[PDB]
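Trainee: This one is start.pdb, PDB, C-alpha atoms.
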```pdb
ATOM      1  CA  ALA A   1     -13.908  12.157  -0.422
ATOM      2  CA  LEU A   2     -14.877  10.126  -3.492
ATOM      3  CA  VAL A   3     -13.132  10.107  -6.870
ATOM      4  CA  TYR A   4     -14.711   7.924  -9.555
ATOM      5  CA  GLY A   5     -13.699   6.714 -12.991
ATOM      6  CA  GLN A   6     -16.207   4.761 -15.066
ATOM      7  CA  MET A   7     -15.409   1.795 -17.291
ATOM      8  CA  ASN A   8     -16.676   3.727 -20.323
ATOM      9  CA  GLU A   9     -14.025   6.388 -19.702
ATOM     10  CA  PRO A  10     -10.927   6.490 -21.940
ATOM     11  CA  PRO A  11      -7.781   4.686 -20.719
ATOM     12  CA  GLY A  12      -6.053   7.981 -19.937
ATOM     13  CA  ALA A  13      -8.876   9.033 -17.612
ATOM     14  CA  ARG A  14      -8.752   5.838 -15.549
ATOM     15  CA  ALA A  15      -4.950   5.986 -15.242
ATOM     16  CA  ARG A  16      -5.085   9.274 -13.294
ATOM     17  CA  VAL A  17      -8.045   8.709 -10.940
ATOM     18  CA  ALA A  18      -5.725   7.291  -8.269
ATOM     19  CA  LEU A  19      -3.523  10.377  -8.671
ATOM     20  CA  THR A  20      -6.556  12.591  -8.007
ATOM     21  CA  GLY A  21      -7.473  10.607  -4.905
ATOM     22  CA  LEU A  22      -3.859  10.651  -3.751
ATOM     23  CA  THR A  23      -3.781  14.426  -4.239
ATOM     24  CA  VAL A  24      -6.845  14.882  -2.018
ATOM     25  CA  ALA A  25      -5.275  12.581   0.583
ATOM     26  CA  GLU A  26      -2.000  14.512   0.322
ATOM     27  CA  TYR A  27      -3.814  17.767   1.034
ATOM     28  CA  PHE A  28      -5.349  16.185   4.132
ATOM     29  CA  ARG A  29      -1.918  14.925   5.219
ATOM     30  CA  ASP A  30       0.282  17.949   4.521
ATOM     31  CA  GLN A  31      -2.023  20.877   5.255
ATOM     32  CA  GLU A  32      -3.773  19.280   8.254
ATOM     33  CA  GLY A  33      -1.271  16.828   9.776
ATOM     34  CA  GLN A  34      -3.650  13.861   9.737
ATOM     35  CA  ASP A  35      -3.340  10.116   9.230
ATOM     36  CA  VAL A  36      -5.395   9.612   6.077
ATOM     37  CA  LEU A  37      -6.761   6.397   4.608
ATOM     38  CA  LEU A  38      -6.664   6.012   0.831
ATOM     39  CA  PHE A  39      -8.897   3.269  -0.548
ATOM     40  CA  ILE A  40      -8.030   2.246  -4.105
ATOM     41  CA  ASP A  41     -10.325  -0.056  -6.100
ATOM     42  CA  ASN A  42      -8.004  -1.258  -7.341
ATOM     43  CA  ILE A  43      -4.283  -1.478  -8.066
ATOM     44  CA  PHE A  44      -4.987  -4.099 -10.758
ATOM     45  CA  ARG A  45      -7.258  -1.763 -12.729
ATOM     46  CA  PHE A  46      -4.760   1.071 -12.239
ATOM     47  CA  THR A  47      -2.067  -1.160 -13.750
ATOM     48  CA  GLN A  48      -4.489  -2.130 -16.529
ATOM     49  CA  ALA A  49      -5.185   1.524 -17.352
ATOM     50  CA  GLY A  50      -1.462   2.302 -17.328
ATOM     51  CA  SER A  51      -0.847  -0.630 -19.669
ATOM     52  CA  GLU A  52      -3.589   0.615 -22.002
ATOM     53  CA  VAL A  53      -2.051   4.105 -21.996
ATOM     54  CA  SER A  54       1.381   2.661 -22.816
ATOM     55  CA  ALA A  55      -0.186   0.581 -25.598
ATOM     56  CA  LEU A  56      -1.885   3.667 -27.052
ATOM     57  CA  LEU A  57       1.352   5.674 -26.947
ATOM     58  CA  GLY A  58       3.111   2.804 -28.724
ATOM     59  CA  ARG A  59       6.522   3.170 -27.074
ATOM     60  CA  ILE A  60       6.454   0.512 -24.345
ATOM     61  CA  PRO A  61       5.083  -2.843 -25.581
ATOM     62  CA  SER A  62       2.181  -4.562 -23.851
ATOM     63  CA  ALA A  63       4.476  -7.174 -22.264
ATOM     64  CA  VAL A  64       5.604  -4.570 -19.696
ATOM     65  CA  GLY A  65       2.965  -2.583 -17.873
ATOM     66  CA  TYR A  66       3.263  -0.296 -14.837
ATOM     67  CA  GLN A  67       5.923  -1.834 -12.631
ATOM     68  CA  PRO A  68       5.815  -0.997  -8.890
ATOM     69  CA  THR A  69       9.224   0.657  -9.395
ATOM     70  CA  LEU A  70       9.898   3.107 -12.272
ATOM     71  CA  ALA A  71       8.684   6.416 -10.784
ATOM     72  CA  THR A  72       7.123   7.397 -14.111
ATOM     73  CA  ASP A  73       4.742   4.429 -13.859
ATOM     74  CA  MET A  74       4.012   3.722 -10.185
ATOM     75  CA  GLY A  75       7.095   4.480  -8.084
ATOM     76  CA  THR A  76       6.067   8.081  -7.474
ATOM     77  CA  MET A  77       2.541   7.011  -6.502
ATOM     78  CA  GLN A  78       3.831   4.319  -4.139
ATOM     79  CA  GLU A  79       6.440   6.596  -2.559
ATOM     80  CA  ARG A  80       3.921   9.403  -2.074
ATOM     81  CA  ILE A  81       1.939   6.943   0.062
ATOM     82  CA  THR A  82       4.211   6.965   3.102
ATOM     83  CA  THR A  83       4.499   8.232   6.665
ATOM     84  CA  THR A  84       6.335  11.511   7.211
ATOM     85  CA  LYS A  85       6.877  13.838  10.159
ATOM     86  CA  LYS A  86       3.692  15.760   9.274
ATOM     87  CA  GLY A  87       1.252  12.929   8.618
ATOM     88  CA  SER A  88       0.743   9.612   6.891
ATOM     89  CA  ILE A  89      -1.131   8.098   3.953
ATOM     90  CA  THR A  90      -2.236   4.503   4.526
ATOM     91  CA  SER A  91      -3.167   2.716   1.305
ATOM     92  CA  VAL A  92      -5.904   0.073   1.390
ATOM     93  CA  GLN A  93      -6.420  -1.812  -1.875
ATOM     94  CA  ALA A  94      -9.862  -3.369  -2.294
ATOM     95  CA  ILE A  95      -9.366  -6.826  -3.829
ATOM     96  CA  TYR A  96     -12.353  -8.905  -4.936
ATOM     97  CA  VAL A  97     -12.179 -12.700  -4.890
ATOM     98  CA  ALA A  98       2.265  -8.133  -4.309
ATOM     99  CA  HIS A  99       3.794  -5.535  -1.988
ATOM    100  CA  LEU A 100       1.282  -5.470   0.872
ATOM    101  CA  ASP A 101       2.535  -4.573   4.339
ATOM    102  CA  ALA A 102      -0.633  -6.040   5.861
ATOM    103  CA  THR A 103      -3.437  -8.249   4.593
ATOM    104  CA  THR A 104      -6.949  -8.785   5.962
ATOM    105  CA  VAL A 105      -8.676 -11.760   4.328
ATOM    106  CA  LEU A 106     -12.465 -11.950   4.563
ATOM    107  CA  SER A 107     -14.042 -15.397   4.345
ATOM    108  CA  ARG A 108     -17.614 -16.540   3.821
ATOM    109  CA  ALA A 109     -17.177 -19.317   6.403
ATOM    110  CA  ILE A 110     -16.409 -16.850   9.207
ATOM    111  CA  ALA A 111     -19.617 -14.981   8.376
ATOM    112  CA  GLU A 112     -21.435 -18.333   8.371
ATOM    113  CA  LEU A 113     -20.303 -18.772  11.993
ATOM    114  CA  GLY A 114     -21.883 -15.434  12.922
ATOM    115  CA  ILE A 115     -18.612 -13.546  13.470
ATOM    116  CA  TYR A 116     -18.716  -9.936  12.256
ATOM    117  CA  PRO A 117     -16.280  -8.843  10.821
ATOM    118  CA  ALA A 118     -15.653 -12.083   8.928
ATOM    119  CA  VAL A 119     -11.862 -11.749   9.086
ATOM    120  CA  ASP A 120     -10.025 -15.060   8.917
ATOM    121  CA  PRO A 121      -7.601 -14.990  11.885
ATOM    122  CA  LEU A 122      -5.138 -17.467  10.363
ATOM    123  CA  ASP A 123      -5.025 -16.272   6.744
ATOM    124  CA  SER A 124      -4.631 -12.590   7.725
ATOM    125  CA  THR A 125      -0.873 -12.042   7.832
ATOM    126  CA  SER A 126       1.263  -8.959   8.388
ATOM    127  CA  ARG A 127       4.907  -8.054   7.881
ATOM    128  CA  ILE A 128       4.616  -5.955  11.066
ATOM    129  CA  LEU A 129       4.290  -9.079  13.269
ATOM    130  CA  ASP A 130       7.787  -8.913  14.739
ATOM    131  CA  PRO A 131       8.973  -8.497  18.348
ATOM    132  CA  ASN A 132      11.301  -5.658  17.285
ATOM    133  CA  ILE A 133       8.527  -3.346  16.033
ATOM    134  CA  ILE A 134       5.184  -3.821  17.789
ATOM    135  CA  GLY A 135       6.662  -4.932  21.108
ATOM    136  CA  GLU A 136       7.351  -8.352  22.574
ATOM    137  CA  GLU A 137       4.078  -8.709  24.499
ATOM    138  CA  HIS A 138       1.912  -7.922  21.457
ATOM    139  CA  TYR A 139       3.755 -10.487  19.323
ATOM    140  CA  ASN A 140       3.602 -13.059  22.134
ATOM    141  CA  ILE A 141      -0.159 -12.610  22.597
ATOM    142  CA  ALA A 142      -0.783 -12.718  18.835
ATOM    143  CA  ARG A 143       1.356 -15.845  18.437
ATOM    144  CA  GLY A 144      -0.441 -17.515  21.344
ATOM    145  CA  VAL A 145      -3.863 -16.704  19.885
ATOM    146  CA  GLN A 146      -2.807 -18.019  16.462
ATOM    147  CA  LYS A 147      -1.356 -21.195  18.001
ATOM    148  CA  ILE A 148      -4.526 -21.733  20.050
ATOM    149  CA  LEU A 149      -6.682 -21.280  16.933
ATOM    150  CA  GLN A 150      -4.576 -23.746  14.917
ATOM    151  CA  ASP A 151      -4.723 -26.292  17.741
ATOM    152  CA  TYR A 152      -8.480 -25.684  17.965
ATOM    153  CA  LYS A 153      -8.858 -26.476  14.265
ATOM    154  CA  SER A 154      -6.873 -29.688  14.783
ATOM    155  CA  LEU A 155      -9.016 -30.549  17.823
ATOM    156  CA  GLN A 156     -12.194 -29.933  15.814
ATOM    157  CA  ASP A 157     -10.851 -32.287  13.139
ATOM    158  CA  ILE A 158     -10.108 -34.895  15.835
ATOM    159  CA  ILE A 159     -13.603 -34.468  17.315
ATOM    160  CA  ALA A 160     -15.163 -34.866  13.862
ATOM    161  CA  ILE A 161     -13.098 -38.030  13.317
ATOM    162  CA  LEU A 162     -13.595 -39.879  16.618
ATOM    163  CA  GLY A 163     -15.529 -37.815  19.163
ATOM    164  CA  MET A 164     -15.518 -34.989  21.666
ATOM    165  CA  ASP A 165     -13.572 -36.868  24.383
ATOM    166  CA  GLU A 166      -9.815 -36.637  23.813
ATOM    167  CA  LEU A 167      -6.770 -36.022  26.052
ATOM    168  CA  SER A 168      -8.839 -35.537  29.259
ATOM    169  CA  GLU A 169     -10.152 -31.998  29.951
ATOM    170  CA  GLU A 170      -7.070 -30.144  28.662
ATOM    171  CA  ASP A 171      -8.375 -30.249  25.085
ATOM    172  CA  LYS A 172     -11.809 -29.182  26.347
ATOM    173  CA  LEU A 173     -10.217 -26.203  28.115
ATOM    174  CA  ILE A 174      -8.283 -25.332  24.942
ATOM    175  CA  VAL A 175     -11.495 -25.563  22.890
ATOM    176  CA  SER A 176     -13.402 -23.396  25.387
ATOM    177  CA  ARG A 177     -10.693 -20.711  25.427
ATOM    178  CA  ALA A 178     -10.449 -20.777  21.623
ATOM    179  CA  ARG A 179     -14.216 -20.408  21.237
ATOM    180  CA  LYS A 180     -14.158 -17.488  23.682
ATOM    181  CA  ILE A 181     -11.397 -15.938  21.557
ATOM    182  CA  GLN A 182     -13.442 -16.451  18.375
ATOM    183  CA  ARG A 183     -16.481 -14.831  19.994
ATOM    184  CA  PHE A 184     -14.334 -11.944  21.252
ATOM    185  CA  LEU A 185     -12.942 -11.342  17.754
ATOM    186  CA  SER A 186     -16.424 -10.239  16.678
ATOM    187  CA  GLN A 187     -17.329  -6.596  17.210
ATOM    188  CA  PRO A 188     -20.340  -4.359  16.507
ATOM    189  CA  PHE A 189     -19.939  -1.696  13.835
ATOM    190  CA  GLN A 190     -20.757   1.983  14.184
ATOM    191  CA  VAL A 191     -21.753   2.182  10.505
ATOM    192  CA  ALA A 192     -24.019  -0.892  10.745
ATOM    193  CA  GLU A 193     -25.862  -0.059  13.972
ATOM    194  CA  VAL A 194     -29.128   0.529  12.082
ATOM    195  CA  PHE A 195     -29.022  -2.663   9.978
ATOM    196  CA  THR A 196     -28.074  -4.980  12.864
ATOM    197  CA  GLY A 197     -29.368  -3.041  15.881
ATOM    198  CA  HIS A 198     -26.129  -3.408  17.863
ATOM    199  CA  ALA A 199     -24.376  -0.218  18.943
ATOM    200  CA  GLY A 200     -20.838  -0.191  17.591
ATOM    201  CA  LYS A 201     -17.913   0.493  19.893
ATOM    202  CA  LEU A 202     -14.345   1.717  19.427
ATOM    203  CA  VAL A 203     -11.768  -0.463  21.193
ATOM    204  CA  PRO A 204      -8.263   0.935  21.835
ATOM    205  CA  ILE A 205      -5.279  -1.339  21.283
ATOM    206  CA  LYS A 206      -4.432  -1.521  25.004
ATOM    207  CA  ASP A 207      -7.950  -2.786  25.745
ATOM    208  CA  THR A 208      -7.637  -5.523  23.106
ATOM    209  CA  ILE A 209      -4.206  -6.534  24.420
ATOM    210  CA  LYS A 210      -5.445  -6.649  28.025
ATOM    211  CA  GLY A 211      -8.599  -8.583  27.135
ATOM    212  CA  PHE A 212      -6.842 -11.216  25.041
ATOM    213  CA  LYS A 213      -4.104 -11.516  27.678
ATOM    214  CA  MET A 214      -6.770 -12.207  30.303
ATOM    215  CA  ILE A 215      -8.393 -14.820  28.052
ATOM    216  CA  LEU A 216      -5.026 -16.507  27.400
ATOM    217  CA  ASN A 217      -4.174 -16.478  31.118
ATOM    218  CA  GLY A 218      -7.600 -17.908  31.970
ATOM    219  CA  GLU A 219      -8.606 -15.009  34.225
ATOM    220  CA  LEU A 220     -12.029 -14.958  32.518
ATOM    221  CA  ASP A 221     -12.265 -18.717  31.953
ATOM    222  CA  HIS A 222     -15.260 -19.175  34.275
ATOM    223  CA  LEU A 223     -17.460 -16.850  32.191
ATOM    224  CA  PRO A 224     -19.892 -18.334  29.638
ATOM    225  CA  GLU A 225     -18.934 -18.463  25.974
ATOM    226  CA  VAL A 226     -21.999 -16.589  24.676
ATOM    227  CA  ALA A 227     -21.145 -13.635  26.941
ATOM    228  CA  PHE A 228     -18.105 -12.976  24.710
ATOM    229  CA  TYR A 229     -20.212 -12.247  21.609
ATOM    230  CA  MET A 230     -20.536  -8.745  20.071
ATOM    231  CA  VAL A 231     -18.695  -6.840  22.799
ATOM    232  CA  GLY A 232     -16.173  -4.053  22.359
ATOM    233  CA  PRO A 233     -14.050  -3.902  25.512
ATOM    234  CA  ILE A 234     -13.369  -6.656  28.024
ATOM    235  CA  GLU A 235     -15.234  -4.888  30.847
ATOM    236  CA  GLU A 236     -18.277  -5.191  28.595
ATOM    237  CA  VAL A 237     -17.632  -8.955  28.524
ATOM    238  CA  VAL A 238     -17.592  -8.987  32.336
ATOM    239  CA  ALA A 239     -20.823  -6.967  32.436
ATOM    240  CA  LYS A 240     -22.395  -9.262  29.818
ATOM    241  CA  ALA A 241     -21.435 -12.346  31.840
ATOM    242  CA  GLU A 242     -22.800 -10.787  35.039
ATOM    243  CA  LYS A 243     -26.080  -9.966  33.279
ATOM    244  CA  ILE A 244     -26.246 -13.531  31.922
ATOM    245  CA  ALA A 245     -25.640 -14.978  35.402
ATOM    246  CA  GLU A 246     -28.254 -12.692  36.968
ATOM    247  CA  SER A 247     -30.827 -13.461  34.264
ATOM    248  CA  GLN A 248     -30.236 -17.229  34.191
TER     249      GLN A 248
ATOM    250  CA  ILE B   1      28.137  41.651 -51.111
ATOM    251  CA  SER B   2      27.120  37.979 -51.145
ATOM    252  CA  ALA B   3      29.376  37.067 -48.204
ATOM    253  CA  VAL B   4      27.934  39.922 -46.133
ATOM    254  CA  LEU B   5      24.443  38.684 -47.028
ATOM    255  CA  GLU B   6      25.222  35.138 -45.873
ATOM    256  CA  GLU B   7      26.831  36.564 -42.729
ATOM    257  CA  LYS B   8      23.587  38.455 -42.064
ATOM    258  CA  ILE B   9      21.596  35.260 -42.697
ATOM    259  CA  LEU B  10      23.793  33.362 -40.227
ATOM    260  CA  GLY B  11      23.533  36.201 -37.698
ATOM    261  CA  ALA B  12      19.735  36.171 -37.921
ATOM    262  CA  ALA B  13      19.961  32.888 -35.920
ATOM    263  CA  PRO B  14      21.641  32.697 -32.491
ATOM    264  CA  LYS B  15      25.215  31.454 -32.212
ATOM    265  CA  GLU B  16      25.523  28.033 -30.566
ATOM    266  CA  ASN B  17      28.654  25.931 -30.039
ATOM    267  CA  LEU B  18      27.032  22.633 -30.992
ATOM    268  CA  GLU B  19      30.203  20.618 -30.330
ATOM    269  CA  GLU B  20      29.991  21.043 -26.542
ATOM    270  CA  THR B  21      26.416  22.327 -26.150
ATOM    271  CA  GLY B  22      23.043  20.888 -27.077
ATOM    272  CA  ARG B  23      19.394  21.877 -27.219
ATOM    273  CA  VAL B  24      16.740  19.477 -25.936
ATOM    274  CA  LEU B  25      14.603  18.338 -28.870
ATOM    275  CA  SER B  26      12.349  16.293 -26.571
ATOM    276  CA  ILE B  27      12.468  15.613 -22.827
ATOM    277  CA  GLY B  28      10.395  12.910 -21.175
ATOM    278  CA  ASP B  29      10.424   9.876 -18.851
ATOM    279  CA  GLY B  30      14.008  10.563 -17.804
ATOM    280  CA  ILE B  31      15.278  10.302 -21.394
ATOM    281  CA  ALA B  32      16.113  13.438 -23.383
ATOM    282  CA  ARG B  33      17.115  13.623 -27.036
ATOM    283  CA  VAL B  34      19.337  16.623 -27.757
ATOM    284  CA  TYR B  35      20.419  18.331 -30.971
ATOM    285  CA  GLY B  36      24.111  19.084 -30.698
ATOM    286  CA  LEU B  37      26.936  17.671 -28.554
ATOM    287  CA  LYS B  38      29.060  16.772 -31.555
ATOM    288  CA  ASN B  39      32.128  15.940 -29.433
ATOM    289  CA  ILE B  40      30.253  13.870 -26.831
ATOM    290  CA  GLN B  41      31.585  10.412 -25.995
ATOM    291  CA  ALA B  42      29.691   7.248 -25.193
ATOM    292  CA  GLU B  43      28.605   6.903 -21.534
ATOM    293  CA  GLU B  44      29.725  10.510 -20.916
ATOM    294  CA  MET B  45      28.121  12.572 -18.167
ATOM    295  CA  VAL B  46      26.356  15.804 -19.141
ATOM    296  CA  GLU B  47      24.873  18.676 -17.150
ATOM    297  CA  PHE B  48      21.526  20.337 -17.801
ATOM    298  CA  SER B  49      20.470  23.938 -17.218
ATOM    299  CA  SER B  50      18.591  23.083 -14.011
ATOM    300  CA  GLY B  51      21.644  21.400 -12.460
ATOM    301  CA  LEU B  52      20.675  17.793 -13.182
ATOM    302  CA  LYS B  53      23.021  15.150 -14.563
ATOM    303  CA  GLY B  54      22.651  12.811 -17.512
ATOM    304  CA  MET B  55      24.490  10.059 -19.357
ATOM    305  CA  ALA B  56      24.884  10.036 -23.142
ATOM    306  CA  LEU B  57      23.860   6.489 -24.029
ATOM    307  CA  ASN B  58      22.703   6.685 -27.666
ATOM    308  CA  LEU B  59      24.959   8.372 -30.236
ATOM    309  CA  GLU B  60      22.615   8.757 -33.209
ATOM    310  CA  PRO B  61      23.486  10.708 -36.390
ATOM    311  CA  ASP B  62      20.753  13.298 -35.793
ATOM    312  CA  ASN B  63      20.452  13.522 -31.997
ATOM    313  CA  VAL B  64      21.972  12.205 -28.768
ATOM    314  CA  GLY B  65      19.884  10.087 -26.412
ATOM    315  CA  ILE B  66      20.653  10.927 -22.787
ATOM    316  CA  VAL B  67      19.287   9.176 -19.701
ATOM    317  CA  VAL B  68      18.554  11.762 -17.018
ATOM    318  CA  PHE B  69      19.758  11.267 -13.433
ATOM    319  CA  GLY B  70      16.689  12.767 -11.826
ATOM    320  CA  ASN B  71      13.170  13.973 -12.448
ATOM    321  CA  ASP B  72      12.496  15.241 -15.964
ATOM    322  CA  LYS B  73      10.097  17.985 -14.820
ATOM    323  CA  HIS B  74      12.983  20.438 -14.344
ATOM    324  CA  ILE B  75      14.070  20.088 -18.001
ATOM    325  CA  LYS B  76      12.248  21.933 -20.785
ATOM    326  CA  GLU B  77      12.528  21.459 -24.533
ATOM    327  CA  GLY B  78      15.167  23.876 -25.767
ATOM    328  CA  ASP B  79      17.277  23.873 -22.606
ATOM    329  CA  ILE B  80      21.071  23.971 -22.658
ATOM    330  CA  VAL B  81      22.982  20.717 -22.121
ATOM    331  CA  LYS B  82      26.761  20.864 -21.742
ATOM    332  CA  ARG B  83      29.371  18.121 -21.615
ATOM    333  CA  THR B  84      31.239  17.399 -18.406
ATOM    334  CA  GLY B  85      34.051  16.005 -20.563
ATOM    335  CA  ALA B  86      34.401  12.754 -18.617
ATOM    336  CA  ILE B  87      32.763   9.345 -18.392
ATOM    337  CA  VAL B  88      30.393   8.770 -15.470
ATOM    338  CA  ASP B  89      32.263   8.382 -12.183
ATOM    339  CA  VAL B  90      31.510   8.410  -8.464
TER     340      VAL B  90
END
```
Can you give me the file's structure in the form of structure tokens?
Mentor:
Amino acid sequence: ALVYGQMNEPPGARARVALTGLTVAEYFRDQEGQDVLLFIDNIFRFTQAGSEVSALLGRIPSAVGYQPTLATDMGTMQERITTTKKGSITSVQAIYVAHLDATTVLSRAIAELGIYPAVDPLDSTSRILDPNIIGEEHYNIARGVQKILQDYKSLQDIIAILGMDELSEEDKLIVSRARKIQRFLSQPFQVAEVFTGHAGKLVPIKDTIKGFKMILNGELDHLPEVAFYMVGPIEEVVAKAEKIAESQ
Amino acid sequence: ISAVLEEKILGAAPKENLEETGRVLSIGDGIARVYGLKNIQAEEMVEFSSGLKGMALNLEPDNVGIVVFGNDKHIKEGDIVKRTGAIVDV
């Protein structure tokens, strides 16, 4: 459901568009018991519209505008985006290039490497990455993948400095596993199956955990790297590698 | 004859004990200005008609500025505010 506020609208109109979208999301949460996404574009323009409203009213000076606290300004909006026993509202702020629980950073360089989505694996942080919340095995796998990617970046720097032969075949095995991880991070999209021609797939979290655990353990280390590209599950990687081996 | 006339003029308006009771001149953003509360003290807790609490922070000659301990949607202009008689305590 789309709610729009133009730039030629008055400051009062743009300061309540997010409230209208939140109200539609709240109907979908309360009266249907659903987990509802709420995309806001953006919090900065919402704060700007609130600051313009406060400047027009003349009470609060322009030095203070729309704190995350202060339920009159934004505290009610932030606290109405929460998870309850009936449903949940998950806020996603579209930022174009302060209190974010998670952050997904999109980089041009990742898209230049052919990885879709172009999410940077090292610059995308999350407060939820703790052993006490998401489980110990999920944090261990995520930390191992991040460590392997950081070591791969250092190894690529070393290769660019001196050459591709360094520390026997252990660095080559690390590079091969990291490149298989980077290929496996890519995924076809359901919404972009007519612009790219690849059928998008939905991957459950257990399938991602199992697939990355098998890559970290080296259970799929004999498979080619290009067989890990644009594949949803890990059984699709095995089928892709079998089709590559049969064709080649 | 004149005193009865001024008594009728006074009785045309409702009787309010403005020393311990106040009427909300304006309620908004958790801060309500009230006409009345002539015997209020500084930092003194007050009760509204809806059951909310407030603290008398500003003692102005015309009104009393009270910070409301709760949402201001339950308070209407013209509601009854009464003193608790004591400074804010927990």
Trainee: Would you mind listing what lies within 10 Å of stretch 66-76 of chain B as a PyMOL selection string, with all atoms listed in the file counted and same-chain residues fewer than 5 positions away left out?
Mentor: (chain A and resi 71-72) or (chain B and resi 23-34+43-59+81)
Trainee: Taking 3 positions as the minimum chain separation for residues in the same chain, which residues sit within 12 Å of residue B:16 when counting only C-alpha atoms? Answer as a list in words.
Mentor: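 With the cut-off at 12 Å, the set is residues 10, 11, 13, 19, 20, 21, 22, 23, 35, 36, 37, 38, 80, 81 and 82 of chain B.
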Trainee: In Å to one decimal, how far is atom CA of residue A:224 from atom CA of residue A:146?
Mentor: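 One can read the atom CA of residue A:146 to atom CA of residue A:224 distance as 21.6 Å.
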Trainee: Please report the interatomic distance between atom CA of residue A:169 and atom CA of residue A:149 in Å with one decimal.
Mentor: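 Atom-to-atom, atom CA of residue A:169 and atom CA of residue A:149 are spaced 17.2 Å apart.
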Trainee: Selection in question (the file shown): the PyMOL selection byres ((chain A and resi 58-65) around 12). Which residues does it include, as a short mmCIF file (atom, residue, chain, number, x, y, z; two decimals) with C-alpha atoms, in the coordinates of the input?
Mentor:
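This went into part_7.cif:
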```
data_model
loop_
_atom_site.label_atom_id
_atom_site.label_comp_id
_atom_site.auth_asym_id
_atom_site.auth_seq_id
_atom_site.Cartn_x
_atom_site.Cartn_y
_atom_site.Cartn_z
CA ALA A 15 -4.95 5.99 -15.24
CA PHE A 44 -4.99 -4.10 -10.76
CA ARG A 45 -7.26 -1.76 -12.73
CA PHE A 46 -4.76 1.07 -12.24
CA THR A 47 -2.07 -1.16 -13.75
CA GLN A 48 -4.49 -2.13 -16.53
CA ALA A 49 -5.18 1.52 -17.35
CA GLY A 50 -1.46 2.30 -17.33
CA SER A 51 -0.85 -0.63 -19.67
CA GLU A 52 -3.59 0.62 -22.00
CA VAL A 53 -2.05 4.11 -22.00
CA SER A 54 1.38 2.66 -22.82
CA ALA A 55 -0.19 0.58 -25.60
CA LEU A 56 -1.88 3.67 -27.05
CA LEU A 57 1.35 5.67 -26.95
CA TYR A 66 3.26 -0.30 -14.84
CA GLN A 67 5.92 -1.83 -12.63
CA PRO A 68 5.82 -1.00 -8.89
CA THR A 69 9.22 0.66 -9.40
CA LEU A 70 9.90 3.11 -12.27
CA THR A 72 7.12 7.40 -14.11
CA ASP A 73 4.74 4.43 -13.86
CA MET A 74 4.01 3.72 -10.18
CA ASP B 29 10.42 9.88 -18.85
#
```
Trainee: So how far away is atom CA of residue B:88 from atom CA of residue B:64, in Å?
Mentor: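 Interatomic distance here is 16.1 Å.
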Trainee: For residue A:197, which residue out of A:26, A:212, A:230, A:37 is the nearest one, using all atoms listed in the file?
Mentor: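 Result for the nearest residue to residue A:197: A:230.
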Trainee: For residue A:150, list every protein, DNA or RNA residue within 10 Å, evaluated using only C-alpha atoms, and leave out those in the same chain fewer than 4 positions away; present the list as a tab-separated table (two decimals) with C-alpha atoms, keeping the file's coordinate frame.
Mentor:
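That gives us out-v4.tsv:
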```
chain	number	residue	atom	x	y	z
A	121	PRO	CA	-7.60	-14.99	11.88
A	122	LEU	CA	-5.14	-17.47	10.36
A	144	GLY	CA	-0.44	-17.52	21.34
A	145	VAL	CA	-3.86	-16.70	19.89
A	146	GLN	CA	-2.81	-18.02	16.46
A	154	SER	CA	-6.87	-29.69	14.78
A	155	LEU	CA	-9.02	-30.55	17.82
A	156	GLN	CA	-12.19	-29.93	15.81
A	178	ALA	CA	-10.45	-20.78	21.62
```
Trainee: Please list as a PDB file with C-alpha atoms, keeping the file's coordinate frame every residue within 12 Å of residue A:223, counting all atoms listed in the file and excluding residues in the same chain fewer than 3 positions away.
Mentor:
```
ATOM      1  CA  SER A 176     -13.402 -23.396  25.387  1.00  0.00           C
ATOM      2  CA  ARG A 177     -10.693 -20.711  25.427  1.00  0.00           C
ATOM      3  CA  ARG A 179     -14.216 -20.408  21.237  1.00  0.00           C
ATOM      4  CA  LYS A 180     -14.158 -17.488  23.682  1.00  0.00           C
ATOM      5  CA  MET A 214      -6.770 -12.207  30.303  1.00  0.00           C
ATOM      6  CA  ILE A 215      -8.393 -14.820  28.052  1.00  0.00           C
ATOM      7  CA  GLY A 218      -7.600 -17.908  31.970  1.00  0.00           C
ATOM      8  CA  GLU A 219      -8.606 -15.009  34.225  1.00  0.00           C
ATOM      9  CA  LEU A 220     -12.029 -14.958  32.518  1.00  0.00           C
ATOM     10  CA  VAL A 226     -21.999 -16.589  24.676  1.00  0.00           C
ATOM     11  CA  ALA A 227     -21.145 -13.635  26.941  1.00  0.00           C
ATOM     12  CA  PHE A 228     -18.105 -12.976  24.710  1.00  0.00           C
ATOM     13  CA  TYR A 229     -20.212 -12.247  21.609  1.00  0.00           C
ATOM     14  CA  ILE A 234     -13.369  -6.656  28.024  1.00  0.00           C
ATOM     15  CA  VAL A 237     -17.632  -8.955  28.524  1.00  0.00           C
ATOM     16  CA  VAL A 238     -17.592  -8.987  32.336  1.00  0.00           C
ATOM     17  CA  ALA A 239     -20.823  -6.967  32.436  1.00  0.00           C
ATOM     18  CA  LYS A 240     -22.395  -9.262  29.818  1.00  0.00           C
ATOM     19  CA  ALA A 241     -21.435 -12.346  31.840  1.00  0.00           C
ATOM     20  CA  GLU A 242     -22.800 -10.787  35.039  1.00  0.00           C
ATOM     21  CA  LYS A 243     -26.080  -9.966  33.279  1.00  0.00           C
ATOM     22  CA  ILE A 244     -26.246 -13.531  31.922  1.00  0.00           C
ATOM     23  CA  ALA A 245     -25.640 -14.978  35.402  1.00  0.00           C
TER      24      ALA A 245
END
```
Trainee: Choose the residue, out of B:78, B:83, B:4, B:89, that has the smallest atom-to-atom separation from residue B:40; count only C-alpha atoms.
Mentor: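 Looking only at the distances to residue B:40, the closest residue turns out to be B:83.
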Trainee: I'd like the residues picked by the PyMOL selection byres ((chain A and resi 23) around 12) written out as a PyMOL selection string, using the chain letters and numbers from the file.
Mentor: chain A and resi 1-3+16-22+24-31+36+38+77+80-81+89
